[PDB]
Amino acid sequence: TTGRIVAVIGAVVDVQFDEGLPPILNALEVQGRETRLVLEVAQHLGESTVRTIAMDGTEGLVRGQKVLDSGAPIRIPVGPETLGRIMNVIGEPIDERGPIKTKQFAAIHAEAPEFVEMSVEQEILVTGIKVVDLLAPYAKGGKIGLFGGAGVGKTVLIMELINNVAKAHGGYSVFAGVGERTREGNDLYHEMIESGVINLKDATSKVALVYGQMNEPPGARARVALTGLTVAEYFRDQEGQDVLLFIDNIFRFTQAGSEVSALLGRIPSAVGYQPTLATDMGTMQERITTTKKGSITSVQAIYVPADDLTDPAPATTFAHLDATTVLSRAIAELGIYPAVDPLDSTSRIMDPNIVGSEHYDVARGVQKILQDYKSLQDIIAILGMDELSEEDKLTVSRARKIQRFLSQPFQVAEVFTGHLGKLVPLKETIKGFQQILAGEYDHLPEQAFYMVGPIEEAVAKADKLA
Amino acid sequence: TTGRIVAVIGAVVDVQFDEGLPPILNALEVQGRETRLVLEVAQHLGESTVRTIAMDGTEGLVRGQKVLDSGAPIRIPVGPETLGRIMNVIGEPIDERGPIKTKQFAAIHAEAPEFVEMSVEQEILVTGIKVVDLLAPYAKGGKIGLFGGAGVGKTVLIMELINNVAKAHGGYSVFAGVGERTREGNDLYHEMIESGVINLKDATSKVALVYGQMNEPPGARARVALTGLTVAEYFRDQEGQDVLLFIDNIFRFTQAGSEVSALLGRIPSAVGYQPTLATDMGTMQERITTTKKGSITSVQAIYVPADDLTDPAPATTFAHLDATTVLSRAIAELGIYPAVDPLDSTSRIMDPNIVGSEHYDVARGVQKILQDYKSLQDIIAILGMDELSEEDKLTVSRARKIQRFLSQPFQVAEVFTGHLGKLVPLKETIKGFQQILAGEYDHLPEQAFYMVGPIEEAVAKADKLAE
Amino acid sequence: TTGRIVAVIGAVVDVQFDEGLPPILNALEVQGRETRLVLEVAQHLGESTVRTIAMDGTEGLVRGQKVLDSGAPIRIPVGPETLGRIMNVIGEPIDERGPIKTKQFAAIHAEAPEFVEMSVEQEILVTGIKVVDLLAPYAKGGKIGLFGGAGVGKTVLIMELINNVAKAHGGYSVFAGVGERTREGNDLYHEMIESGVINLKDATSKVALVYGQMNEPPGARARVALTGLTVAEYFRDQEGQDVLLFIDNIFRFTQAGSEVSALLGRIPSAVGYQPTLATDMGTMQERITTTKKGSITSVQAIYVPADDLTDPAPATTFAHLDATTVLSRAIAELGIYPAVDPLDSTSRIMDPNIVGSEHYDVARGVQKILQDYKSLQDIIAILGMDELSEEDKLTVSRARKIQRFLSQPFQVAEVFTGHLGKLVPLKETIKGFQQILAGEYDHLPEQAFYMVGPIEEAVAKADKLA
Amino acid sequence: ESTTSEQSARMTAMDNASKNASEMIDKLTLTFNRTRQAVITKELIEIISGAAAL
Amino acid sequence: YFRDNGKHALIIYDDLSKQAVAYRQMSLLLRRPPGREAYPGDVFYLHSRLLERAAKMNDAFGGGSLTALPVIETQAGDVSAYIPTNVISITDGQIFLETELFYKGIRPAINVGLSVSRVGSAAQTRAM
Amino acid sequence: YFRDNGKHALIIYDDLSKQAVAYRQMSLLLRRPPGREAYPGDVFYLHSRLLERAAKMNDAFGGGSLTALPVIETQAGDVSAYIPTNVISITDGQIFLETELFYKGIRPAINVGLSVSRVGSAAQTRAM
Amino acid sequence: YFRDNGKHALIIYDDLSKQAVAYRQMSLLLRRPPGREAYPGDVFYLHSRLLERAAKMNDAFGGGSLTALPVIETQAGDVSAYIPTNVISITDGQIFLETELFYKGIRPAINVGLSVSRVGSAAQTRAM
Ligand SMILES: Nc1ncnc2c1ncn2[C@@H]1O[C@H](COP(=O)(O)OP(=O)(O)O)[C@@H](O)[C@H]1O
Ligand SMILES: Nc1ncnc2c1ncn2[C@@H]1O[C@H](COP(=O)(O)OP(=O)(O)O)[C@@H](O)[C@H]1O
Ligand SMILES: *N(C(=O)NC1CCCCC1)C1CCCCC1
Ligand SMILES: [Mg+2]
Ligand SMILES: [Mg+2]
């Protein structure tokens, strides 16, 4: 049956139904619109009225306008037909290539996998990036989070990871743009066509795209991630295989929710966030996961407001990750990329029984000397290095060489750095760091270690230093 | 009069009265309950409805449940019959020993003694604790407050003081457990039976116990302090004889009040507290006092939220005291116990005309060498010590020694220090600190001064340290 | 028409009218009172009730009490008969000298001059004050921030600027004391009378005073600047003059506004200021400019909360200032009066395109030599003066002479010094220093340039005896 | 030779130390004001939230 | 009474910090809008009308006077807190006390560097 | 159940920081006016109430017991904040861990000065 | 209009800091929940939807473009504040101006170390 609009404020719209009230989460269709305008039921206000969240602009709506109950939550296309295509929050094609002719649709809302469906197999996923492989290794089918303040390198990193893992992946991938740059979506789309991971002439595409960028209204941005992960859920189960899910940037989910919460009547929580921050994130994140039926290896870029990691958004996200890569502004300003903080990045896989005692001991060793150097930096800030004991001068020296050896040229940044990108094998990474720790290069100049691949390149560079 | 509950939100209950409307502060008895449930009238909302705070849990209550007005504020047993007994907020025995057969009862809400009832006499009360007796000595019949963030030593200090002052004490003592640890109450209770301070067989008990701990809902924690001081008032007035009153921890009275403030319909004041913090506190604190009729020596532990003494609760408490003992985490963290901050503890009697200029000057000398080191610390931590003069660094070493001679092995603390408790006479304290200031020990090592009693033990420890 | 009081809550009063409501900003006259009580309309609550802010105490008001709508915003006397008189927010004389018999009255609220009414020109408002004119010139229609509280010769600087602008421009002045301390208001009054800028006998007074004493409610303290602004607009628009408007102190203007905002129940902004911080400041400051007819130049004493220049108050004020005058103890303790800091004080119009290439080059020269002198302080202190290079030794002599030539005796202070004040014409100032920098006076003693007018007066003072 | 090297190195070392200090001073001060402003704002939003909920 | 009848009085307000707290209590409970530190927008006005009543009268008014010594309690030396800020700007000068000075031996613990009297020199005898 | 039937049980609440965030959510959605840091004005009572339930019973009561190890997550190593001091003010001690020690090789990363036990050697064998 | 008709336009927003304070004013008066620095949760969106309209159209759409030069004002060089960080993450790069370079004569006062423009670098003349 039909209902009518009784109120409109931004993305929040109230609708009265004289007969048959639509349950929470149902999708409603507004009548008299040139393009599909969906309203998602958020709550039953009483007096046969419901409060909803619009998935697109509400300009032009009039009190009295007719609204239809679709009889279910937002449903989108899923299956092999999504590959090589670009869709929006509500499953519509936005690549101008015609209808997505799937045999299956799915609701973007659903209960998270049950406890009995969780998997406990732990296996490393070697990225070829030194800092990550050594200190806080990623895991096949695990959850990876990339934290970073403004312009510190989150996107470059996720792109390098797509370049290093997604390409050499047998299965399918899903990329979800959430509240980020549209032209970044245009670059990505054209880059994937160039490389063939997307094909507009055959059925060989390997990636499915979902976008709801920073040009979209709050409701859309608050739901695009659900849409993206819904496409990935299909590949996970309805094919029993390995899926990669990339998301830039999941923070935008929480920010968008913060915008409507201000209009849903909620009393604000800390820093003006919605009181439901943690549970909103919880019912969403718990779906982004590997189950006994299939695996999802997820990589989520996470923005950090004002560079404050104690901001509720980021601080609540840590609990959802299997590996955390925290980018640092102070590191990036030192020229060290990727700007990964080696002491604030962790992995649930850094365990001797998983990666081996050699790998385990070399990581603890690096972090130990970095922390000792850190504890000194305070005394160095005023007086400097010249005032240190002949011994502390030594930890300083090796530490500084280690900080630079963690740095590395990316293939995906070649276009602007002018340096060939590098991919170092895990065995080569452990060794290099062992040698520095053992002192085998105390006679090599720092600069020799900055922005190279394997250890051999450091020595070679130390030679070109004549 | 009979009422009917019309609303229940946590500890706050609204009752409706068809006829007589009970005045603010009256006690209402809820009907239909396994155990006595009292409601205290806080406000008259209008339309014959009053707002109340419950003195025990509200689970089980139903809208329409009958409530009776007792026709008066909460009244409890007072008198010699409370000695050796344990009561709760509403004067019921909680020691499983039966009825408190008192001949009189008394309201827990009372007007404070008038200005013409005050006493100005002030005499030293030696505790045997070096830092206190030296820097901010307590006074007989005076108000003493022990400030401290979480876990810095408030309770251990109050237990030590009870041990050193209340055992000898010939009058009566009252201990109020206010929103603290139930385990601590069972501890204290058996402690006192052992010391015979409490006697379950004869009638020689010298202490009355009142408890309302952190297991209780806010209404009970907001009034138990009143209950305890009400007991103390009777001893002061209806007997005159000297009274000791210990409260752990009176902050909990203020926190209780804030737990229900918004439910009571108030706009929050700064830092989330009730707008009535100061006046609430004043009408209670002004009752804890010595008067011309009799003396009360009060010792109150005072919680400091987030370790910030500028917090409104602790900050509004300084004005009601005669002697402040401020405890610090920065000091406790160093192994220094009691963790007293020598540069933030004070006493109204620290005056040469009251304690003698020898006592005054040494105390004052200790404070100066310490403030001077403190001001120095960060500088030498950067430029090193070598830039100091031989005298400038001679103060650095004595300062550290003095800081160590302020620490002390508490008798009550044996289970923590692994050391035999110690009690130092006032004269010995002054002497010892005087000698270090004079340089008479510049050749002994620092650690000799750490955790000892009298200055002789420092010398002896130094010998034990040599070889 | 006449309304009735329906509510009294401190300095906020709600008034109800049965007929036509008074527009926001209209002045209401409360009936049945010993002294005149004015109410400025703030909002239209609905139900024919307005919410007003009070210009005086509200004790004694009764619900039902009659209020008249004057039909307009607060109106005060404007015209020549305001000079030498002291007035309050509502234009009443508070000097006990009787009525302010003007031919006209003017509303204190007004729109700023329109775009087409603006003057696309940028002219310097010569002050006759050497430090200022040369190094950090005042711009006609611009805003000057006066830093340095008491003890640094502020009051005398104010009086002399008054005097000088009257001589060299025929323009009058207006002193707006926002949050004036009564004690200091009484003293400023007598110092002006004693200095002559005020005359109780003839109509030669050069300044109109307006006070908003600290003991008045927030609304009056918030509107006084407007009052004094309105008196000055009279001289610009009706007499085509170049007026001087002093606002002491602009921070208390912001605090009053903050207090008024607090009382109307408006949610506070960052650091607790009113949400309207920038528009409150804007609707006022913009009235101060150069129109086709004349100009209002404003010197504003600025208090900086917690010495933090980034605090919202000073930060908002800086968006309107065209130059600053920094008065310091350090300079006062060197005997250089006025105690203006020659490197801390600045002006936006210190540009060749505006004050000309000659003025600019001379200025820049003085700044550099003062900088170079400050840089030599080290090498001279520990080492010796008899070691600087001939170039350096000379830059020390020219610099010291320069810093003395920035000194200047004021007329206003002829009663205390016994020495005649000086009004130095711009071209004379530009040239005087040009000659010192040129080195045309390297054969004279420093003390020859200390406390004099034109350069000639330096050469003369030198001849003295020897 | 030694005292010449020593006095020129102490001079240099103390030039740096002093310049680092000042820089540290400038930064802590700016950190202080940011913090000062956020505490007030933070404490005020907290009061408003409580008041509005009533 | 003294001020207006040709005599001199000295009034001490110890302290205005506690007066402002009581006024705040009443404003919050009357439900007037809360501002910085939950004080009402008229708390400044509260102290300003009180301290302006201190004054030095002329001869025609009897020459009497009334001098005021308001007291403010700061927290952790924050003179930029709200109430302190208000009373510092109202007054003609201030005597700042410090804890560090006090325990160092400087008592009275007055900071001669910051303390001020805008009246200064005009209020002291030739000798001084 | 164990505690009262002559047995001993050990409980771990991992963690109470997140339980307090959920309490705050539920409480705010019930329209109970927020308190300090947006938490219900009674967050302390939320946890004090719960932890008091861990106890040692006397023989007359079966002599059983319940031991509790609650967990609190700090932000930037700030044990001194509000939530953390609340819970510390309830428990019979705390074990404080810092990231600096954890990385230097001190594992378990316990900070000795800041941790405590309120039972002391009474919980140790004579040997220990 | 130009962007969609095969032509090219340049737009300067001088400045967005002030636009954001104006919007904050509108939001607070509307009683919307203030967050960091008291800005509404939707200040990011205020600028994102705006600058997203600066774009380069392909030939199938006329080949026109709209280039945007948003201006942001910082306080004491704090480029990690809320607004500045918002805009950094909207735009395609930044030209940083520094007081010290300026107050030293280097004009324009561009910090060549921080400033970036990746997409512009690819669209630069071969000669340059
Ligand atoms: N791995 C990297 N190598 C070199 N420069 C990098 C790297 N990562 C980031 N950058 C620099 O930082 C800029 C911002 O990176 P980006 O990923 O777009 O920021 P964000 O974290 O906002 O997503 C890049 O344009 C580049 O100049
Ligand atoms: N004087 C002391 N000597 C040794 N340890 C002490 C002393 N005071 C406190 N402690 C240690 O610190 C713990 C916390 O002290 P407590 O008095 O319970 O703190 P609170 O101030 O929180 O009431 C004690 O259980 C003990 O472990
Ligand atoms: N214990 C204490 O005061 N009781 C005993 C101590 C030994 C002598 C008899 C009394 C303290 C209680 C609080 C915690 C620390 C121990
Ligand atoms: Mg990015
Ligand atoms: Mg305790």
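Side-chain atoms are counted along with the backbone in the values below, which use heavy atoms only and exclude waters and symmetry mates. Throughout, a chain's letter reflects where its sequence line sits, starting with A, and its residues are numbered from 1. One-based numbering, in listed order, for ligands and for the atoms of each.
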Inset, instruction - State which residues pass ring-ring contact (aromatic ring centres under 6.0 Å, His included) with A:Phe405; sequence neighbours excluded, sorted by chain then number. - result: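 With sequence neighbours excluded, A:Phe405 shows a ring-ring contact (aromatic ring centres under 6.0 Å, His included) to A:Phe433, given in chain and number order.
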Legend entry - Enumerated ligand 1 atoms positioned under 4.0 Å from heavy atoms of A:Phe410: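 Those of ligand 1 that fall under 4.0 Å from A:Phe410 are 1 (N).
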Inset, instruction - Provide the number and element of each atom of ligand 1 under 4.0 Å from a heavy atom of A:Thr155. - result: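 Once the distances to A:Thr155 are compared, the set is 17 (O), 23 (O).
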Inset, instruction - Please work out whether the ring planes of A:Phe318 and A:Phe147 are parallel, tilted or perpendicular, with thresholds of 30° and 60°. - result: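 A:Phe318 vs A:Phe147 ring planes: parallel.
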Inset, instruction - Keeping to residues at least two apart or across chains, list the salt bridge (charged side-chain N to carboxylate O under 4.0 Å, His left out) pairs with something in residues 81-93 of chain G. - result: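 Listed once each, the pairs are A:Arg183-G:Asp92.
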Under 3.5 Å, is there a donor-acceptor pair between the side chain of [X] and the main chain of [Y]?
X        : Y        : answer
A:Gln408 : A:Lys130 : yes
G:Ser48  : A:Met214 : yes
A:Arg221 : A:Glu180 : no

Inset, instruction - Determine, using heavy atoms of A:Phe416 and all atoms of ligand 1, whether some pair is separated by less than 4.0 Å. - result: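 Contact present.
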Is there a polar contact, in the sense of an N or O pair closer than 3.5 Å, between [X] and ligand 1?
X        : answer
A:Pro338 : no
A:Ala150 : no
A:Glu184 : no
A:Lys154 : yes
A:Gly153 : yes
G:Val116 : no

Inset, instruction - Could you tell me which residues satisfy side chain to side chain contact (heavy atoms under 4.5 Å, CB included) with B:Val299, sequence neighbours excluded, listed by chain and number? - result: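 B:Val299 satisfies side chain to side chain contact (heavy atoms under 4.5 Å, CB included) with B:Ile144, B:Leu146, B:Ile158, B:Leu161, B:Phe246 only.
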Legend entry - Polar contact flag, side-chain donor to acceptor under 3.5 angstrom, B:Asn164-B:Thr127: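 B:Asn164 vs B:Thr127: no donor-acceptor pair found between side chains.
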Legend entry - Which residue and heavy atom of the protein sit nearest atom 7 (C) of ligand 1, plus the separation: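 Going by distance alone, atom 7 (C) of ligand 1 is nearest to A:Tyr337 CD2, 3.4 Å.
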Legend entry - Identity and distance of the protein heavy atom lying nearest atom 14 (C) of ligand 1: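 Nearest protein contact, heavy atoms only, for atom 14 (C) of ligand 1 is A:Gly151 O, 3.6 Å.
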Inset, instruction - Indicate, with yes or no, if the rings of B:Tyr211 and B:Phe175 have centres closer together than 6.0 Å. - result: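 Yes - the distance between ring centres of B:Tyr211 and B:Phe175 falls below the 6.0 Å cut-off.
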Inset, instruction - Using a cut-off of 2.8 Å, find all protein N, O or S atoms closer to the Mg ion (ligand 4) than that distance. - result: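 Atoms qualifying: A:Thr155 OG1.
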Inset, instruction - Might you work through the side-chain hydrogen bond (donor to acceptor under 3.5 Å, both in side chains) test for A:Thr182 and A:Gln213, ending with a clear yes or no? - result: CA-CA 6 Å; A:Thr182 297; A:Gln213 300 283 254; 5.2 Å; no
Legend entry - Full working for salt bridge (charged side-chain N to carboxylate O under 4.0 Å, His left out) between G:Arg36 and A:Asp308: CA-CA 11 Å; G:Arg36 199 173 286 277; A:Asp308 180 21; 3.6 Å; yes
Inset, instruction - Have a look at G:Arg118, A:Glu180, A:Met159, A:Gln408 and point out the one with the heavy atom closest to atom 27 (O) of ligand 1. - result: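 Considering heavy atoms of G:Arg118, A:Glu180, A:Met159, A:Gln408, the nearest to atom 27 (O) of ligand 1 sits in G:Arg118.
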Inset, instruction - Only one of A:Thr417, A:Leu157, A:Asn163 passes side-chain contact (heavy atoms from CB on, under 4.5 Å) with A:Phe410; say which it is. - result: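 Of the listed residues A:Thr417, A:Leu157, A:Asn163, the side-chain contact (heavy atoms from CB on, under 4.5 Å) partner of A:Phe410 is A:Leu157.
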